[PDB]
Structure formats: C-alpha cells, structure tokens
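Undergrad: Here's a structure for you.
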Amino acid sequence: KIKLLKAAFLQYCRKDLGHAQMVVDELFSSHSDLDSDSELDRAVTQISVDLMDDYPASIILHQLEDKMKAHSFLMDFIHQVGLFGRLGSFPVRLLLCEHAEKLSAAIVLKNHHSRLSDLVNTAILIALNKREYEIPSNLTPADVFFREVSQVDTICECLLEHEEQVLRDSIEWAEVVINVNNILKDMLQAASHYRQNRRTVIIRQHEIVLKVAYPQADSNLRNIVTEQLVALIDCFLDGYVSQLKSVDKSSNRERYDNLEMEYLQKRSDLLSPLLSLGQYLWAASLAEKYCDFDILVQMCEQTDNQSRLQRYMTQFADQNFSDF
Amino acid sequence: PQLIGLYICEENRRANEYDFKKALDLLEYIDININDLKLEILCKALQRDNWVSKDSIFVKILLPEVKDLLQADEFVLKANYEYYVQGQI
C-alpha cells in the first residue's frame, strides 16, 4: 500500500546520511514482509519502481544532472540494503531502472541541445498531450517530459513532416530535416553508452528512414552521404535491440521466438534493399552490425567485380561457404 | 524593476527576443517578489506572439525557472513545453 512505499522513500532519505537505522527498516521489512514470490514480491517491485519514477519526476540541466546522481545513489542504496529480487517488467511496464536511467541521459542529451526549432517541436508536442500552466513556468516543461520523453520523439518527427510540407523541396529545408536526424540519433547514442556503463519508438525510426530516402533523391552529394551515415547509425541501434531481446528469450514458447525472427529478418532485408541504391561502403558495416544478414552483403559482392569481397566474406565466416 | 517593466510595456511595440532576454537579465539587479515577474514577462511574451518569440527566448537561454500550471493561471504552450523537456535534457 501507499504507507509502505512512503516508508522506504523515507528510509532512502536517511540512507544518504547513515545506514544503521535504514538497515533495520529493511530488516523489519523482511520479517514483516509477505514473502510469497509470485506477486507480493512484485508489490515491492511496484514500490521501487514508483520511487524511481519519482526521482525522475524530481537551471534546468544542472537540475536534471543532480537527478541522474540522485537515481544513482538510489540504485546504490538499493544494492546495499537489498533489494535483491522483485521484477514486474511484464508488458509495457530491474530492467525498468536501467530504462529510466537511459531516458534520463536522453533528457540531458536534448537539454544540451536547445535551439529554436526543437524547442518549437517540443512545445507542439506538449500542448498536444495536455494544456500548460501559463503562470510563466514555460519550458514549457521537462520533469514529466522525462519520465515520458519517448513521446517528444514521435512528435518532433510530426513537426519535421509539417515543416517538410512547407519545406517546398528548398536546400535550407533539407538542412532542417537533418538537424533533427542528428539529435534523435545522438540521443540514441546516449542510451547505448549508458548500457555500456551498466512499437511507436520503432515506427518513428522506420518513418525517418523513408524520409531520409526521399530527400537524397534531391541533395548535394556530400549531404546525401552524411544523412546516410546517420540513417546507418540509427538502423544499427534498432537491429542491435532486436538482437538483444532475441538473446533474452529462448527455448519453450519458441513459436513466438521464431516468428519474431522472421520479423527482424524481413526488416534487415527492408533496410538492405533501401541501402541497395545507397553506398555499399556502408554495407560492410551494416552486414557486420546485424553480423550475418548475409543475403544483402552477398548480393552486393555479386553486383560488383569483387570476387575478392566474397572471398573476404567466406574467409571470416562460420559456414558461409555452405551458404554462398 | 522600472527597466524590466518598461522593456515589457505595451508601449514598447517592436519588442523582440532581445528586449525580454534583457528583461530577464535585469533580475540579478534587484535586492520583492522575484518569480511573480518571471511570470509577468513570459506571459506578455505570449500576448505579443498572437497565437515565435517564446520559441527564440528558450533558444537564447542556453530551465526549471519558468513555471507551468501556475502559468495558465494552450495547445502549443504544452506543445512547446515538450520539446522543452527534450531540450533541457
């Protein structure tokens, strides 16, 4: 109940000064606790996750940095007092701490980038979710657009499609559709390196692949490459997250695990074809990123005279010969 | 005060990004209610918008300074306050 998650949120406050007293409220917790694994332990998971949601709900950047440290001495004040169990990730809602970490480094990666075009796509993205208090206080806000920033990505995309409907593409309008590509990209670079220090999200990425495909149809050479090294930087983070979820699930209920394979395999084919017009100098890195997707790098070696590449492919491979 | 209030008067017609930016630079020049004005000015920052400038002044600052619910005391105020939680982050 609410009386409990307000008692550990009170023991973490003292868990910054001393421990002894907090270690006896975790000791009173283990004896007074339920201790039936299947849901009462996911009743204290629903508490540790309701306080990670409140250390994320918390000088707007130096104030969001102070909150990635707070949620860092909150993940250390859980490892010690322990806090060595519970997990209610299920569907849509331990991986939930990391995820709320990753999205607080995303909140600081778009705080570090503040210009008039993103701040406008953000104000359009927040006025659409609800109204804002007009007692000044107009960021128009962030502390709740952090716990949910995933949404200011699918909307600062709908504000690049209405800024592309007026783009009239015309050159300065294909420079504004790349500036956003570069931010959603290095906001996905910031969640990757925060995991190294350990269906709307994805749609908005397959939507900007196709809009990064319509533009290189009319673009000065060099520019059409930098947005191609970018949509290659981004596609290599999606294929890496479907690989990591595969490896997460295995065995029984396999039927669902061989149906999600066909789905990622019909997309590394839809990202390959897309790169069939593009430069094949990136194929070598796309073929290595989803380190097999051989059918694509095998038909790039066939379209050219690089019988040297299909010999360099089979030189470093596990059963490609029986595949080629 | 006189300055901040005069830089924001309805008399100052061509008031642009720089007139408010400087009317938020003169707050450390005080020695009464700070955050009442912080609002007074961000609000005429919108009356002049005729729902562009709010946009820019959030582009010029680089944030839990501004208020919110207190503010509305509305479709693109929250809409810009979303790509203002991504900017600050």
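Labels used: A, B, ... for chains in the order of the structure tokens, numbers from 1 for residues in each chain, and numbers from 1 for ligands as shown.
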Can you pull out the residues contacting residue 193 in chain A? Cut-off 10 Å, using only C-alpha atoms, and skip same-chain residues under 4 positions away; I want them as a PDB file with N, CA, C and O atoms, in the first residue's frame.

TA:
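This went into around_23.pdb:
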```
ATOM      1  N   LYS A 102      18.465   5.234 -18.792  1.00  0.00           N
ATOM      2  CA  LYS A 102      18.719   5.553 -20.190  1.00  0.00           C
ATOM      3  C   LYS A 102      17.927   6.773 -20.657  1.00  0.00           C
ATOM      4  O   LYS A 102      18.438   7.584 -21.430  1.00  0.00           O
ATOM      5  N   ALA A 105      19.358  10.114 -19.443  1.00  0.00           N
ATOM      6  CA  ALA A 105      20.541  10.533 -20.183  1.00  0.00           C
ATOM      7  C   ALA A 105      20.095  11.033 -21.546  1.00  0.00           C
ATOM      8  O   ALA A 105      20.829  11.735 -22.241  1.00  0.00           O
ATOM      9  N   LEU A 188      20.056   8.459 -29.229  1.00  0.00           N
ATOM     10  CA  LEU A 188      20.068   7.006 -29.228  1.00  0.00           C
ATOM     11  C   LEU A 188      21.511   6.509 -29.071  1.00  0.00           C
ATOM     12  O   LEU A 188      21.750   5.335 -28.790  1.00  0.00           O
ATOM     13  N   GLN A 189      22.469   7.412 -29.244  1.00  0.00           N
ATOM     14  CA  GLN A 189      23.869   7.097 -28.974  1.00  0.00           C
ATOM     15  C   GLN A 189      24.137   7.226 -27.481  1.00  0.00           C
ATOM     16  O   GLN A 189      25.093   6.656 -26.958  1.00  0.00           O
ATOM     17  N   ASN A 197      27.924   1.371 -19.594  1.00  0.00           N
ATOM     18  CA  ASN A 197      28.332   1.688 -18.230  1.00  0.00           C
ATOM     19  C   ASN A 197      27.533   0.875 -17.198  1.00  0.00           C
ATOM     20  O   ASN A 197      27.607   1.143 -16.000  1.00  0.00           O
ATOM     21  N   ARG A 198      26.780  -0.116 -17.671  1.00  0.00           N
ATOM     22  CA  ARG A 198      25.955  -0.961 -16.804  1.00  0.00           C
ATOM     23  C   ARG A 198      26.788  -1.721 -15.774  1.00  0.00           C
ATOM     24  O   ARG A 198      26.311  -2.673 -15.143  1.00  0.00           O
TER      25      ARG A 198
END
```

Undergrad: I want to know what sits within 12 Å of residue 69 in chain B, based on only C-alpha atoms, with residues of the same chain fewer than 2 positions away left out; could you give that as a ChimeraX atom specification?

TA: /A:130-141 /B:39,66-67,71-74,77-78,81

Undergrad: Residues of chain A within 10 Å of chain B, counting only C-alpha atoms, what are they? List them as an MDAnalysis selection string.

TA: chainID A and resid 59:65 103:146 148:153 155:156 187

Undergrad: What gap, in Å, lies between CA of residue 250 in chain A and CA of residue 324 in chain A?

TA: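 Going from CA of residue 250 in chain A over to CA of residue 324 in chain A covers 27.8 Å.
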
Undergrad: One decimal, Å: what's the distance from CA of residue 298 in chain A over to CA of residue 322 in chain A, could you say?

TA: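 Computed distance, CA of residue 298 in chain A to CA of residue 322 in chain A, equals 12.9 Å.
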
Undergrad: Can you tell me, as a PyMOL selection string, what residues are no more than 8 Å from residue 81 in chain A when counting only C-alpha atoms, ignoring any on the same chain fewer than 3 positions away?

TA: chain A and resi 22-23+26+77-78

Undergrad: Write the residues of the selection above to a file with N, CA and C atoms, as a compact mmCIF listing (two decimals), in the first residue's frame.

TA:
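Wrote it out as again19.txt, contents follow:
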```
# COMPACT_ATOMS: atom_id res chain seq x y z
N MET A 22 18.26 2.56 8.66
CA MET A 22 17.60 2.12 7.43
C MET A 22 17.74 0.62 7.23
N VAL A 23 18.82 0.05 7.75
CA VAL A 23 19.07 -1.39 7.63
C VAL A 23 18.19 -2.18 8.59
N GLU A 26 14.74 -2.30 6.74
CA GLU A 26 14.80 -3.32 5.70
C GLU A 26 14.81 -4.69 6.36
N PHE A 77 21.73 2.58 -3.01
CA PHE A 77 21.08 2.44 -1.71
C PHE A 77 20.00 1.37 -1.79
N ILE A 78 19.96 0.69 -2.93
CA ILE A 78 19.12 -0.49 -3.10
C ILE A 78 20.00 -1.73 -3.19
```

Undergrad: What lies within 8 Å of range 221-227 of chain A using only C-alpha atoms, ignoring chain neighbours under 6 positions off, as a PDB file with N, CA and C atoms, in the first residue's frame?

TA:
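Writing done, so here's around_1.pdb:
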```pdb
ATOM      1  N   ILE A 178      17.706  17.353 -41.364  1.00  0.00           N
ATOM      2  CA  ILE A 178      18.887  16.585 -40.988  1.00  0.00           C
ATOM      3  C   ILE A 178      19.323  16.961 -39.581  1.00  0.00           C
ATOM      4  N   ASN A 181      17.512  14.764 -37.514  1.00  0.00           N
ATOM      5  CA  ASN A 181      18.027  13.414 -37.661  1.00  0.00           C
ATOM      6  C   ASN A 181      19.242  13.253 -36.764  1.00  0.00           C
ATOM      7  N   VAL A 212      14.436   9.928 -45.097  1.00  0.00           N
ATOM      8  CA  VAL A 212      15.844  10.169 -45.380  1.00  0.00           C
ATOM      9  C   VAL A 212      16.175   9.501 -46.704  1.00  0.00           C
ATOM     10  N   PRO A 215      14.735  12.284 -49.615  1.00  0.00           N
ATOM     11  CA  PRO A 215      15.500  13.517 -49.732  1.00  0.00           C
ATOM     12  C   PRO A 215      16.808  13.366 -50.512  1.00  0.00           C
TER      13      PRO A 215
END
```
